[PDB]
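Undergrad: Here's a structure for you.
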Amino acid sequence: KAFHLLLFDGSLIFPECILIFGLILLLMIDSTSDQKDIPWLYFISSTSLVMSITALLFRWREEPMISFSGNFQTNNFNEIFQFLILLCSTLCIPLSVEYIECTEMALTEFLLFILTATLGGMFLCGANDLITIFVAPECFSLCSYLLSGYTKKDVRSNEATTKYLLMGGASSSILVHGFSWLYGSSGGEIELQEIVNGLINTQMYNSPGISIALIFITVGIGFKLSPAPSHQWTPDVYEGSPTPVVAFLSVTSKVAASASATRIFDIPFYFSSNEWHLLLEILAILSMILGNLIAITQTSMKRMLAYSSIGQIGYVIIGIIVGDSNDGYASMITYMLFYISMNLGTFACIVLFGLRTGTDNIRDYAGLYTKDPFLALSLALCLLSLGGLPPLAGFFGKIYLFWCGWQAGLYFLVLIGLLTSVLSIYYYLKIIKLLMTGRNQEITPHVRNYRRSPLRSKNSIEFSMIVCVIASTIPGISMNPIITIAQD
Amino acid sequence: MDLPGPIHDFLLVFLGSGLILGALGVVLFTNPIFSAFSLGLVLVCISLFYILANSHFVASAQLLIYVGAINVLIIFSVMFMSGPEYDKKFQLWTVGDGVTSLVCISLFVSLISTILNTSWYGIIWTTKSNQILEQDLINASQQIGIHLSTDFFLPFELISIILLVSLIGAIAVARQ
Amino acid sequence: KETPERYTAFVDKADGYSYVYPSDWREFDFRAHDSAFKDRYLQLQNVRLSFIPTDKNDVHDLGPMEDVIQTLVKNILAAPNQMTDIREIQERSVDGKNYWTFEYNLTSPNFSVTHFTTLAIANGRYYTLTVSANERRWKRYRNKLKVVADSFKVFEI
Amino acid sequence: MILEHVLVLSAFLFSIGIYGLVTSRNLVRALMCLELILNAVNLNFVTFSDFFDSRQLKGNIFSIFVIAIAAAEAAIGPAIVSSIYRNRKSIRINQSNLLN
Amino acid sequence: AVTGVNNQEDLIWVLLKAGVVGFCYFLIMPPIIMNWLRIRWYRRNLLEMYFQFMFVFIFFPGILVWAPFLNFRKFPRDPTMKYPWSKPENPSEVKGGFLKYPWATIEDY
Amino acid sequence: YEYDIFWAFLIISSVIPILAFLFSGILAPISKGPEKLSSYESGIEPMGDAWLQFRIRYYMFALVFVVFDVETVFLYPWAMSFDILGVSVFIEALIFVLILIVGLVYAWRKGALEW
C-alpha cells in the first residue's frame, strides 16, 4: 500500500503522538529498570508536556483541516483549548510529583494516568465525529476513575471512587443513548457537520426523537461540567481525593467538556437553539445560585473549592448562551485561561499547606500569615482573584463575561451572576479572615509546628508562575482577546 | 436477506420476553450470583438480537467479550461478598425503591411515547443511497474490517491506549 | 516460464452461456449471482455472472453503446461513494451475437477495484459477466483476466 | 415487520438498568446495571445501523467500541471493588456516607 | 431449476451411487470390519491396531446395527461339544494350560 | 438462506436437553429420602455451606483477560481486511500488538501473573 494517507494525517496529531511516545517510553523504562528516580520522571513528564506545546504552536498558522476521514478537526477554536489542556497538565505535574512521592506510593502510574487524561482531553477538543466524542472522554473519565482513588488506603478515597464511577457510568451512557437517538433519526450520520444535513434529508429535524437526544446530550455534558443538579458528583470526589488529581479534574475536565459542549451545541444543534438555550440558562442560573449559596457554609477547604468550581462554571456557560455573534466564545476563553491560573494557584497553596501541615479543615488555616507570610499572601491573592476582586484576573474576566451577556440582552443572567458574585465574597474572605488571626489561642497546633524550611520546592515555582499571572494579566486583557475573537 | 416474516416476528417477541425476564432477574435478585446469571441470559438474548438484525460479527464480539466479563463478575462477586446466602432471595422493598420505580416508569413512558409516535419506516425510504452496498464486498465482516481499518483510525488506537491504561490501573488498584 | 496460465471452461447449457476462468480458482456462491469463481487466497479477485429478464433481442437495442455503458456504470454497477472511470470499451461479434466488454475502476475512499464487464442480450436474458481484481494487483493480472472477459459466449438454450 | 419493537425493548432495558442503578445495595450489581444500560444503547445502535446504515456499518462499529468501553469499565471495577473490600470489608454502598 | 445451482447430475444416477455407497457402508463393510476385529485381535501391532480403530471409528454407524445381531462368545476347548450336556469322547486330546503374556506366544492367544 | 439453518440448529440443540430431562422424568423412578438428599462430603457430615473466598492476588489474571479479549476481538476485522488494503493496516495493527505486548510485560513484571 502507501501508508501515506495516514502518514500525512498522522502529522496533524503530532502533539498527541509526542504524548503517546512519552507515555510509552516512561512505561517501558518503569518496566525495564527496578530502581525508581524522581528527577527522571519529572524530566520525562515535563519534556512530554513542553514538546506538545512546542509542536502545537508550530501548527497554529496551518490551514484548518478534517483528517482521519471525518474524525479529527484542526482549526483555531480547538487549538486554544488543546493549549489550555497542555498548560493545565504542565502546571499540575509539579503539584503531583511531590504529593504522590510524600504518600510513599508509585508515581509512574500517576504520571501515566495524568498523561493519558491529557491525551484524552486533547482529542476531545477536536473530535469531529460521534464515536470519538465518546471514546476520547472515555480516555479521560476512566483515568479519572483510576485517579481520585489512587490513594487506595484512605476510607474517603474508596467512597469517592465509588461515587465517581457510579455517577459517571450514569452519565456517559445517557450521553451515548442521546448519541444513538441522534444517529438514528438522522440517516446514519455521525460526523459533526453532517447530521443537520442528514436531519433535513430525512426531514426529522422537528421529530420528538431529536428532543430526547438534545436532553440526553446536555445532561451527559452537564455532568462533566457540573452545573445545576448534575453537580452532586463534584464535592464528595473533591473532598475525598488527593489534591493534585482533584486540581487536574478541576481545570482539565472543564476545559475539555466546555470544548465538547461548544462543538456539540453549535455545529450539530444550531437548528434547535431555542431549546438548548433554555436548558443552558436553567443549568447556569441553578449552578451559580446553588454553588455560591452552599459554599458559604463549608468547613472543608477542598469541598468549598468544589462548590466554588460549580459556581464559576455558570459564569462560563453564559459565553455559550450568548453565542458567537456578541463575542461569546471569545469570553469562554480569556476567562477559562484566567480560571486555570486562579484554581491551580489556590490548589498549589492548599497542596503545600497540607503537606507541611497535614490537614484540610478551614479552621486550621488560622495564623498562617505569622508562620508563612508568602504562602498566606499567595493564597489570599488566588482567593481574591476567585471572588472577582478588582485588581485581579477574576474581576476583568467577569466584566468581560457580563459585557457580552448585556450586549445579547440577557439581563436576568447577568443580574444573577452579579448577585452570586456578591455572595461569592463572604467565602474567599472567610479564609483570609482566618489567615489574619493573631490570636494565639485560636491558632490550631497544626500550624504552630509548621516548618517552612530553607528550600524552594517545585510547587513554589509552579505557583509563582501563577500568582504573578492572576495579578499581572489585568493589564494584558487586550493581548488575550485578539487571539480569541480571531477564532470562529 | 432475512428470515421468513412470521418467524422473524415470533423470534422478536420470544427474545424480547427472555430479555425482559433476564433484566427483571437482574434488578430483583439479592444474590449478585443469581443476578449475574440473569445478566448472562440478557447477554445471550442481545447477541441473538444482533444475529437477527444483520450483525453476525457484533453478536460474536458481544458473546466473547461479555461472557468474559460475566465470568470475571461472578468470580469477583464470589470473592467479594459474604456467605453463599441462598436465603437472601429477592431483597426487601422500601419507599426509596417505590419512588424510583415511579420515576423510571415515567422515563420509560416518555421514551415509548416517542418510539410509538415516530414512523421509523419513513426514515428508511429517505436513506436510500446509504443502503447501496459495494458489490465486491460480499462478506459483511469484510466490510466491517475495511471500515474499522480506514474510516475509524483515531478511535482504533485510542481504544488501545484506553485498554492498556485500564489494565495498568486494574493491576495497580487491586494489588494487595 | 512455461506455457501460460491454464484455464478451465465453465459451460451452463441450461442457462445457455459459457466462459473460461483460471484453473487455480475455486467455485463459490456469490450472493444472488448465477455462477461465480474466485481465487483461493487473494480477495476481490473473482468472476461472477447473473442475468436479468429482458425483452430486447440484442445489446444494440439498449441504445448508444457509450451512453448506456456510462449510465450502467454510474447508476447500477457502483455504490454512490465510489468514483468511477472507464478506461477501455470494446465490441465483439460472433455468430450474429454482440458482446460489449468495458474496463472500469471503482475507487472508493477505502479501497479501489478494477473490473472487466461483458454485457450480452440473448435468450430473453441480459448477462453481466464481471471479472474483478484489486487495483494494486491489477497491472499484473489484467491480461490474465482479459482472456476471461474475451471468453464470454452466449448460445441458444 | 415489527422491528420497531426492538427499540421498545431497548428503552425498557435502559429504564430497568436505570432502576437497577439506583436501588443497588451492592456495587457489583450497580456495575451490572451499568452494563445493562450500555447494552440498551448498543441495541439501539445496532438496530439503527440495520435500518439506515447497511453499507457503512457505523452503528456496528460504534457498538464494538461501546462494548470495548464497557469491558474497560468492568476491568477498572471490580478492581476498585477489590480496594474497597480490602480497606473496609463491606460492599454496601449506601452504608458509606462519610463524605456528606 | 433455480439460479445458483449448475450442472447438477440426474437424480436417478445420484440415487444409484448413494445406494451403492450405502450398500457398501451399512451391510457389506461392517461384517468384514468386525471379523477383522475378532480374528487377529491378539496379532495386532501398533499400526494394525491404529488402522482397526480408525476403520471402526469411520464405519461405526454401520456397526451399531450389526452388533446387536452378532455374538462373539468364545467357543469350547474341544471341537466335539455339540451341547452343554454332551460329553467328550476321550478327555485327553484337549489342550489345557494356555499360558499368558510373560511366557506365551501368539499360538496360546 | 445461510442463517435459518442456524436458528433451526439452535432450537434443536436447546430442545435436546429438554427431551433428555423429560425422558429421564418419565423413565427413571423417584425414591427420595432425607439421607439421600444430604450434600456429599466424603461420608462425614458437611460443615458450613461451601464458600471459599480466594485471595485477590490469585485471581488478578481475570482483569488482564478482560482487556486481552477486547484486543483479540479488535484484531480480527483488521485481519479480515489485511489483503484488500496494504501496509497501512499493517502499520495500524502493529501499534495494537505492541501495546498488547507492553501490557503483558507490565502484568508479568508487576506480579499480577504470579501464583
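Letters A, B, ... mark the chains of the C-alpha cells in the order given; residue numbers begin at 1 per chain; ligand numbers begin at 1, in order shown.
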What residues in chain B have any atom no more than 9 Å from chain F when counting only C-alpha atoms, and can you write them as a ChimeraX atom specification?

TA: /B:1-4,51,61,64-66,68-69,71-72,75-76,78-84,141-150,153,156-157,160-161,163-168,170-172,174-176

Undergrad: For the interface of chain A with chain F (cut-off 7 Å, counting only C-alpha atoms), please tabulate each contacting residue of chain A alongside its nearest pair of atoms and their separation in Å to one decimal, rows sorted by chain and increasing number, as a Markdown table.

TA:
```
| residue | atom | partner | partner_atom | distance |
| --- | --- | --- | --- | --- |
| A:1 | CA | F:86 | CA | 4.2 |
| A:2 | CA | F:88 | CA | 6.6 |
| A:3 | CA | F:88 | CA | 4.5 |
| A:31 | CA | F:106 | CA | 6.3 |
```

Undergrad: Could you write out the selected residues, including C-alpha atoms, as a tab-separated table (two decimals), in the first residue's frame?

TA:
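Output file result-v2.tsv is given in full below:
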```tsv
chain	number	residue	atom	x	y	z
A	1	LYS	CA	0.00	0.00	0.00
A	2	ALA	CA	1.21	3.58	0.68
A	3	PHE	CA	0.95	4.22	4.48
A	31	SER	CA	9.11	-1.87	33.50
```

Undergrad: Give me, please, the distance in Å between atom CA of residue A:462 and atom CA of residue A:114, quoted to one decimal.

TA: 16.8 Å

Undergrad: Distance table requested - chain C against chain A, cut-off 10 Å, only C-alpha atoms: one row per qualifying residue with the closest atom pair and its distance in Å to one decimal, ordered by chain and rising residue number, as CSV.

TA:
```
residue,atom,partner,partner_atom,distance
C:109,CA,A:69,CA,8.8
C:110,CA,A:69,CA,9.6
C:136,CA,A:1,CA,7.6
```

Undergrad: Take the selection from the previous step and output its residues with C-alpha atoms, as a short mmCIF file (atom, residue, chain, number, x, y, z; two decimals), in the first residue's frame.

TA:
```cif
data_model
loop_
_atom_site.label_atom_id
_atom_site.label_comp_id
_atom_site.auth_asym_id
_atom_site.auth_seq_id
_atom_site.Cartn_x
_atom_site.Cartn_y
_atom_site.Cartn_z
CA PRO C 109 -12.25 6.27 -0.34
CA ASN C 110 -11.47 2.97 1.43
CA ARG C 136 -2.87 -2.74 -6.50
#
```

Undergrad: Pick out the residues sitting within 7 Å of residue D:53, and hand them over as a ChimeraX atom specification; count only C-alpha atoms, and ignore anything fewer than 4 positions along from it in its own chain.

TA: /A:188 /B:130-131 /D:49,57-58

Undergrad: Take the residues just selected and output them with N, CA and C atoms as a CSV table (one decimal), in the first residue's frame.

TA:
```
chain,number,residue,atom,x,y,z
A,188,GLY,N,-28.2,7.7,9.7
A,188,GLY,CA,-26.9,7.1,9.8
A,188,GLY,C,-25.7,8.0,9.6
B,130,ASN,N,-27.8,5.3,1.3
B,130,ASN,CA,-26.9,4.8,2.4
B,130,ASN,C,-27.0,3.2,2.4
B,131,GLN,N,-27.9,2.6,1.6
B,131,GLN,CA,-28.2,1.2,1.7
B,131,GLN,C,-27.8,0.5,0.4
D,49,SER,N,-28.3,0.9,12.8
D,49,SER,CA,-27.4,0.5,11.7
D,49,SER,C,-28.0,-0.4,10.7
D,57,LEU,N,-22.0,0.7,8.0
D,57,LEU,CA,-22.0,0.0,9.3
D,57,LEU,C,-21.4,0.8,10.4
D,58,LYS,N,-21.7,2.1,10.5
D,58,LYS,CA,-21.2,2.9,11.5
D,58,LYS,C,-21.8,2.5,12.9
```

Undergrad: Show me, as a ChimeraX atom specification, the residues that have an atom within 10 Å of residue B:52 when counting only C-alpha atoms, minus same-chain residues fewer than 2 positions from it.

TA: /B:2-3,8,11-12,46-50,54-56,59 /D:47,50 /F:3,7

Undergrad: Those same residues, written as a PDB file, in the first residue's frame with N, CA, C and O atoms?

TA:
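Written out: part.pdb:
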```pdb
ATOM      1  N   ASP B   2     -33.077 -12.255   4.966  1.00  0.00           N
ATOM      2  CA  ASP B   2     -33.720 -12.293   6.272  1.00  0.00           C
ATOM      3  C   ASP B   2     -34.450 -13.619   6.429  1.00  0.00           C
ATOM      4  O   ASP B   2     -34.564 -14.410   5.490  1.00  0.00           O
ATOM      5  N   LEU B   3     -34.930 -13.855   7.646  1.00  0.00           N
ATOM      6  CA  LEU B   3     -35.794 -14.977   7.949  1.00  0.00           C
ATOM      7  C   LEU B   3     -37.185 -14.720   7.377  1.00  0.00           C
ATOM      8  O   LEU B   3     -37.498 -13.599   6.968  1.00  0.00           O
ATOM      9  N   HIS B   8     -39.616 -14.277  11.924  1.00  0.00           N
ATOM     10  CA  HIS B   8     -38.847 -13.142  12.424  1.00  0.00           C
ATOM     11  C   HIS B   8     -39.583 -12.431  13.555  1.00  0.00           C
ATOM     12  O   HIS B   8     -38.989 -12.119  14.594  1.00  0.00           O
ATOM     13  N   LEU B  11     -39.666 -14.644  16.681  1.00  0.00           N
ATOM     14  CA  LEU B  11     -38.363 -14.615  17.333  1.00  0.00           C
ATOM     15  C   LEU B  11     -38.150 -13.301  18.069  1.00  0.00           C
ATOM     16  O   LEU B  11     -37.593 -13.287  19.172  1.00  0.00           O
ATOM     17  N   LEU B  12     -38.595 -12.188  17.477  1.00  0.00           N
ATOM     18  CA  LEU B  12     -38.503 -10.894  18.149  1.00  0.00           C
ATOM     19  C   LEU B  12     -39.261 -10.909  19.469  1.00  0.00           C
ATOM     20  O   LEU B  12     -38.724 -10.516  20.511  1.00  0.00           O
ATOM     21  N   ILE B  46     -29.427 -10.619  23.718  1.00  0.00           N
ATOM     22  CA  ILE B  46     -28.984  -9.462  22.948  1.00  0.00           C
ATOM     23  C   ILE B  46     -28.100  -9.892  21.781  1.00  0.00           C
ATOM     24  O   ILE B  46     -28.188  -9.338  20.677  1.00  0.00           O
ATOM     25  N   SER B  47     -27.247 -10.898  21.996  1.00  0.00           N
ATOM     26  CA  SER B  47     -26.456 -11.442  20.896  1.00  0.00           C
ATOM     27  C   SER B  47     -27.350 -12.067  19.832  1.00  0.00           C
ATOM     28  O   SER B  47     -27.087 -11.935  18.628  1.00  0.00           O
ATOM     29  N   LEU B  48     -28.415 -12.752  20.256  1.00  0.00           N
ATOM     30  CA  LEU B  48     -29.366 -13.302  19.294  1.00  0.00           C
ATOM     31  C   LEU B  48     -30.098 -12.195  18.544  1.00  0.00           C
ATOM     32  O   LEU B  48     -30.403 -12.339  17.356  1.00  0.00           O
ATOM     33  N   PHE B  49     -30.380 -11.077  19.218  1.00  0.00           N
ATOM     34  CA  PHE B  49     -30.960  -9.920  18.537  1.00  0.00           C
ATOM     35  C   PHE B  49     -30.009  -9.369  17.480  1.00  0.00           C
ATOM     36  O   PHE B  49     -30.438  -8.983  16.384  1.00  0.00           O
ATOM     37  N   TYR B  50     -28.716  -9.305  17.805  1.00  0.00           N
ATOM     38  CA  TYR B  50     -27.723  -8.840  16.839  1.00  0.00           C
ATOM     39  C   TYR B  50     -27.655  -9.767  15.635  1.00  0.00           C
ATOM     40  O   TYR B  50     -27.549  -9.307  14.492  1.00  0.00           O
ATOM     41  N   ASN B  54     -28.611  -7.755  11.461  1.00  0.00           N
ATOM     42  CA  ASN B  54     -27.701  -8.278  10.447  1.00  0.00           C
ATOM     43  C   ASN B  54     -26.327  -8.576  11.030  1.00  0.00           C
ATOM     44  O   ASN B  54     -25.429  -9.030  10.313  1.00  0.00           O
ATOM     45  N   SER B  55     -26.149  -8.326  12.323  1.00  0.00           N
ATOM     46  CA  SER B  55     -24.812  -8.232  12.908  1.00  0.00           C
ATOM     47  C   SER B  55     -24.341  -9.617  13.324  1.00  0.00           C
ATOM     48  O   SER B  55     -24.617 -10.090  14.427  1.00  0.00           O
ATOM     49  N   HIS B  56     -23.617 -10.273  12.422  1.00  0.00           N
ATOM     50  CA  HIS B  56     -23.029 -11.571  12.713  1.00  0.00           C
ATOM     51  C   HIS B  56     -21.646 -11.468  13.339  1.00  0.00           C
ATOM     52  O   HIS B  56     -21.176 -12.447  13.926  1.00  0.00           O
ATOM     53  N   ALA B  59     -22.471  -9.722  17.151  1.00  0.00           N
ATOM     54  CA  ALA B  59     -23.016 -10.742  18.043  1.00  0.00           C
ATOM     55  C   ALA B  59     -21.913 -11.615  18.630  1.00  0.00           C
ATOM     56  O   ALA B  59     -21.912 -11.911  19.830  1.00  0.00           O
TER      57      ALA B  59
ATOM     58  N   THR D  47     -29.705  -1.753  15.837  1.00  0.00           N
ATOM     59  CA  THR D  47     -30.925  -1.723  15.035  1.00  0.00           C
ATOM     60  C   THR D  47     -30.984  -0.484  14.146  1.00  0.00           C
ATOM     61  O   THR D  47     -31.535  -0.548  13.042  1.00  0.00           O
ATOM     62  N   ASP D  50     -28.845  -1.352  11.190  1.00  0.00           N
ATOM     63  CA  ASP D  50     -29.630  -2.219  10.317  1.00  0.00           C
ATOM     64  C   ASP D  50     -30.618  -1.385   9.506  1.00  0.00           C
ATOM     65  O   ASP D  50     -30.771  -1.591   8.296  1.00  0.00           O
TER      66      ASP D  50
ATOM     67  N   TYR F   3     -28.696 -18.523   7.367  1.00  0.00           N
ATOM     68  CA  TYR F   3     -28.861 -18.361   8.803  1.00  0.00           C
ATOM     69  C   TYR F   3     -30.158 -18.918   9.369  1.00  0.00           C
ATOM     70  O   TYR F   3     -30.291 -18.971  10.596  1.00  0.00           O
ATOM     71  N   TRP F   7     -30.718 -20.921  13.101  1.00  0.00           N
ATOM     72  CA  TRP F   7     -31.799 -20.825  14.077  1.00  0.00           C
ATOM     73  C   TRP F   7     -32.433 -22.183  14.342  1.00  0.00           C
ATOM     74  O   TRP F   7     -32.723 -22.523  15.496  1.00  0.00           O
TER      75      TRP F   7
END
```

Undergrad: Residues at most 8 Å from residue C:17, counting only C-alpha atoms, excluding those fewer than 2 positions away in the same chain, as a PDB file with N, CA and C atoms, in the first residue's frame?

TA:
```
ATOM      1  N   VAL C  11     -19.406 -24.188 -18.722  1.00  0.00           N
ATOM      2  CA  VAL C  11     -20.490 -24.135 -19.695  1.00  0.00           C
ATOM      3  C   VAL C  11     -21.789 -24.454 -18.970  1.00  0.00           C
ATOM      4  N   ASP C  12     -22.754 -23.542 -19.049  1.00  0.00           N
ATOM      5  CA  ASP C  12     -24.086 -23.742 -18.491  1.00  0.00           C
ATOM      6  C   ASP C  12     -25.055 -23.821 -19.666  1.00  0.00           C
ATOM      7  N   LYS C  13     -25.348 -25.045 -20.106  1.00  0.00           N
ATOM      8  CA  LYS C  13     -26.277 -25.237 -21.212  1.00  0.00           C
ATOM      9  C   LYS C  13     -27.722 -25.013 -20.790  1.00  0.00           C
ATOM     10  N   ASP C  15     -28.700 -22.598 -18.632  1.00  0.00           N
ATOM     11  CA  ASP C  15     -28.814 -21.149 -18.716  1.00  0.00           C
ATOM     12  C   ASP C  15     -28.208 -20.589 -19.996  1.00  0.00           C
ATOM     13  N   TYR C  19     -18.187 -19.460 -20.251  1.00  0.00           N
ATOM     14  CA  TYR C  19     -16.999 -18.625 -20.150  1.00  0.00           C
ATOM     15  C   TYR C  19     -15.845 -19.490 -19.660  1.00  0.00           C
ATOM     16  N   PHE C 152     -16.336 -14.815 -22.940  1.00  0.00           N
ATOM     17  CA  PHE C 152     -17.760 -14.931 -22.662  1.00  0.00           C
ATOM     18  C   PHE C 152     -18.525 -15.235 -23.943  1.00  0.00           C
ATOM     19  N   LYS C 153     -19.382 -16.250 -23.886  1.00  0.00           N
ATOM     20  CA  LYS C 153     -20.163 -16.679 -25.034  1.00  0.00           C
ATOM     21  C   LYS C 153     -21.562 -17.053 -24.576  1.00  0.00           C
ATOM     22  N   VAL C 154     -22.561 -16.667 -25.365  1.00  0.00           N
ATOM     23  CA  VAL C 154     -23.957 -16.976 -25.087  1.00  0.00           C
ATOM     24  C   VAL C 154     -24.536 -17.682 -26.304  1.00  0.00           C
ATOM     25  N   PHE C 155     -25.210 -18.809 -26.076  1.00  0.00           N
ATOM     26  CA  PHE C 155     -25.824 -19.551 -27.169  1.00  0.00           C
ATOM     27  C   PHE C 155     -27.302 -19.796 -26.898  1.00  0.00           C
TER      28      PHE C 155
END
```

Undergrad: Where does DSSP see alpha helix (DSSP H) in chain E, if you list the residues as a PyMOL selection string?

TA: chain E and resi 11-23+29-38+46-66

Undergrad: With only C-alpha atoms as the basis for distance, which of A:27, A:146, A:175, A:85 is at the shortest distance from chain B?

TA: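 Checking each candidate against chain B, we get A:146 as the closest.
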
Undergrad: Given the choices A:118, A:90, A:151, A:298, which gets closest to chain B if the distance is worked out from only C-alpha atoms?

TA: A:151

Undergrad: Near residue C:108, within 10 Å and counting only C-alpha atoms, which residues show up once chain neighbours fewer than 4 positions away are dropped, as a list in words?

TA: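 In the requested format, the answer is residues 134 of chain B; 78, 79, 80, 81, 82, 83, 84, 112 and 113 of chain C.
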
Undergrad: List as a PyMOL selection string the protein and nucleic acid residues near residue D:64, meaning an atom at most 9 Å away when only C-alpha atoms are counted, but skip any in the same chain fewer than 5 places from it.

TA: (chain B and resi 58+61-62) or (chain D and resi 42+59+69) or (chain F and resi 74)

Undergrad: Write down, as JSON, numbers by chain, each residue of chain B that has any atom within 7 Å of an atom of chain A, counting only C-alpha atoms.

TA: {"B": [114, 123, 126, 127, 151, 153, 154, 155, 162, 169, 173]}

Undergrad: Can you spit out the residues from that selection as a PDB file, in the first residue's frame, using N, CA, C and O atoms?

TA:
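Final file, again_30.pdb:
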```pdb
ATOM      1  N   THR B 114     -42.427   8.487  22.310  1.00  0.00           N
ATOM      2  CA  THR B 114     -41.702   8.953  21.139  1.00  0.00           C
ATOM      3  C   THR B 114     -41.457   7.823  20.149  1.00  0.00           C
ATOM      4  O   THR B 114     -41.605   8.018  18.937  1.00  0.00           O
ATOM      5  N   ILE B 123     -38.217   6.910   7.633  1.00  0.00           N
ATOM      6  CA  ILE B 123     -36.817   7.312   7.544  1.00  0.00           C
ATOM      7  C   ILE B 123     -36.041   6.377   6.626  1.00  0.00           C
ATOM      8  O   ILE B 123     -35.104   6.808   5.943  1.00  0.00           O
ATOM      9  N   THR B 126     -36.063   7.281   3.013  1.00  0.00           N
ATOM     10  CA  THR B 126     -35.338   8.506   2.702  1.00  0.00           C
ATOM     11  C   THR B 126     -33.839   8.283   2.600  1.00  0.00           C
ATOM     12  O   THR B 126     -33.161   9.001   1.857  1.00  0.00           O
ATOM     13  N   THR B 127     -33.307   7.304   3.329  1.00  0.00           N
ATOM     14  CA  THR B 127     -31.885   6.971   3.274  1.00  0.00           C
ATOM     15  C   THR B 127     -31.648   5.820   2.297  1.00  0.00           C
ATOM     16  O   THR B 127     -31.144   4.754   2.645  1.00  0.00           O
ATOM     17  N   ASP B 151     -11.968   4.023   8.019  1.00  0.00           N
ATOM     18  CA  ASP B 151     -12.808   5.133   8.459  1.00  0.00           C
ATOM     19  C   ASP B 151     -12.476   5.566   9.881  1.00  0.00           C
ATOM     20  O   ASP B 151     -12.443   6.765  10.177  1.00  0.00           O
ATOM     21  N   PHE B 153      -9.624   5.333  12.346  1.00  0.00           N
ATOM     22  CA  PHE B 153      -8.242   5.076  12.728  1.00  0.00           C
ATOM     23  C   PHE B 153      -7.940   5.638  14.114  1.00  0.00           C
ATOM     24  O   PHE B 153      -7.354   4.945  14.953  1.00  0.00           O
ATOM     25  N   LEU B 154      -8.323   6.891  14.357  1.00  0.00           N
ATOM     26  CA  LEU B 154      -8.057   7.521  15.649  1.00  0.00           C
ATOM     27  C   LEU B 154      -8.734   6.809  16.821  1.00  0.00           C
ATOM     28  O   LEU B 154      -8.053   6.572  17.837  1.00  0.00           O
ATOM     29  N   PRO B 155     -10.027   6.446  16.774  1.00  0.00           N
ATOM     30  CA  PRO B 155     -10.567   5.626  17.871  1.00  0.00           C
ATOM     31  C   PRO B 155      -9.920   4.258  17.975  1.00  0.00           C
ATOM     32  O   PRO B 155      -9.867   3.699  19.075  1.00  0.00           O
ATOM     33  N   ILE B 162      -6.561   3.180  25.802  1.00  0.00           N
ATOM     34  CA  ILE B 162      -7.533   3.048  26.884  1.00  0.00           C
ATOM     35  C   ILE B 162      -7.428   1.673  27.532  1.00  0.00           C
ATOM     36  O   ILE B 162      -7.430   1.548  28.760  1.00  0.00           O
ATOM     37  N   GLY B 169      -4.206   0.264  35.518  1.00  0.00           N
ATOM     38  CA  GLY B 169      -4.924   0.735  36.691  1.00  0.00           C
ATOM     39  C   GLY B 169      -5.609  -0.383  37.453  1.00  0.00           C
ATOM     40  O   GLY B 169      -5.660  -0.361  38.686  1.00  0.00           O
ATOM     41  N   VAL B 173      -4.536  -0.935  41.289  1.00  0.00           N
ATOM     42  CA  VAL B 173      -5.526  -0.719  42.339  1.00  0.00           C
ATOM     43  C   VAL B 173      -5.805  -2.012  43.098  1.00  0.00           C
ATOM     44  O   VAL B 173      -5.852  -2.025  44.334  1.00  0.00           O
TER      45      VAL B 173
END
```

Undergrad: Considering only C-alpha atoms, tabulate each residue of chain D that lies at most 7 Å from chain A along with its nearest interatomic pair and the corresponding distance in Å to one decimal; arrange the rows by chain and ascending residue number and present them as CSV.

TA:
```
residue,atom,partner,partner_atom,distance
D:34,CA,A:169,CA,6.3
D:37,CA,A:173,CA,6.8
D:38,CA,A:173,CA,6.2
D:41,CA,A:177,CA,5.3
D:44,CA,A:180,CA,6.3
D:45,CA,A:180,CA,5.6
D:48,CA,A:184,CA,5.3
D:49,CA,A:188,CA,6.8
D:52,CA,A:188,CA,5.6
D:53,CA,A:188,CA,5.5
D:62,CA,A:131,CA,6.2
D:83,CA,A:152,CA,6.2
D:84,CA,A:158,CA,5.6
D:87,CA,A:153,CA,6.4
D:96,CA,A:159,CA,6.6
D:99,CA,A:236,CA,5.5
D:100,CA,A:236,CA,6.7
```

Undergrad: Would you tabulate, counting only C-alpha atoms, all residues of chain D that have an atom at most 7 Å from an atom of chain F, showing the closest pair of atoms and their distance in Å to one decimal, sorted by chain then ascending number, as CSV?

TA:
```
residue,atom,partner,partner_atom,distance
D:68,CA,F:70,CA,6.1
D:71,CA,F:66,CA,6.4
D:72,CA,F:67,CA,6.7
D:75,CA,F:63,CA,5.2
```

Undergrad: In Å to one decimal, how far is atom CA of residue A:59 from atom CA of residue A:319?

TA: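 These two atoms are separated by 26.3 Å.
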